[PDB]
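Listed next as structure tokens is one chain, alone, in the form deposited in one PDB entry.
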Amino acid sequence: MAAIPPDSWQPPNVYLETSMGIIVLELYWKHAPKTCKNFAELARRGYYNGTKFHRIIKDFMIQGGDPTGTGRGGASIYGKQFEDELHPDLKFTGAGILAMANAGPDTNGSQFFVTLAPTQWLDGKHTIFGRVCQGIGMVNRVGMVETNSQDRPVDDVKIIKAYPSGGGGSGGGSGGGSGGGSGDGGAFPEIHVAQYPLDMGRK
């Protein structure tokens, strides 16, 4: 049964090129059949190309989206708001947890946010189903900043160009893989084990 025909290719991963850099993230097509479709649908639409980061709290979370600036975003493709899917099957393992933003329990919209630390204060307030990749350093240097100068907050960062495309990534260390993790990427809440991307959530 199809309420909204995508009729296109929706990669499980998308890249958001912002005024600061690029933020690549994926949706949980694994466990969240709604959330993955919602973000993907708006991605292949071209909704993020007019969205901005509205809430940037250091070591907290970074809310991104809401083209309207009212707290519920656009999301006019499905008309109304969607049921409360509030159930983090994953856990706040570290920083880099991509979650879905909403104005109420079932007032879920097309907005999202990334957590700079293990968020247990929104476990049942925001449905969490996402993973950030190859952009955690940006999310870090963007989430840690509050002011640009005097008493002026860091000028609003927005998503300049956003397109759905699968970034896999590949590493290596034949003979001495002392490092590990060639590139960027947040923590993995899907593996259900505690680990941090770059210490920012534990330090």
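Note that residue numbering follows the sequence shown and begins at 1.
One more form of this protein should be noted, the form deposited with a partner chain bound, which is absent from this view; the next part is about it.
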Select, from the options 55-63, 140-148, 153-161, 35-43, the stretch whose residues sit within 4.5 angstroms of the partner chain in the bound PDB entry by heavy atom distance.
55-63
Just to confirm, residue 122 within 4.5 Å of the partner chain in the bound PDB entry by heavy atoms?
yes
So in the bound PDB entry, is the partner chain close enough to residue 126 to count as touching (4.5 Å, heavy atoms)?
yes
Close approach of residue 105 to the partner chain in the bound PDB entry, 4.5 Å, heavy atom:
no
Under a 4.5 Å heavy atom criterion, is residue 71 part of the interface with the partner chain in the bound PDB entry?
yes
Can you pick out, from 98, 117, 101, 133, the residue that has a heavy atom within 4.5 Å of the partner chain in the bound PDB entry?
101
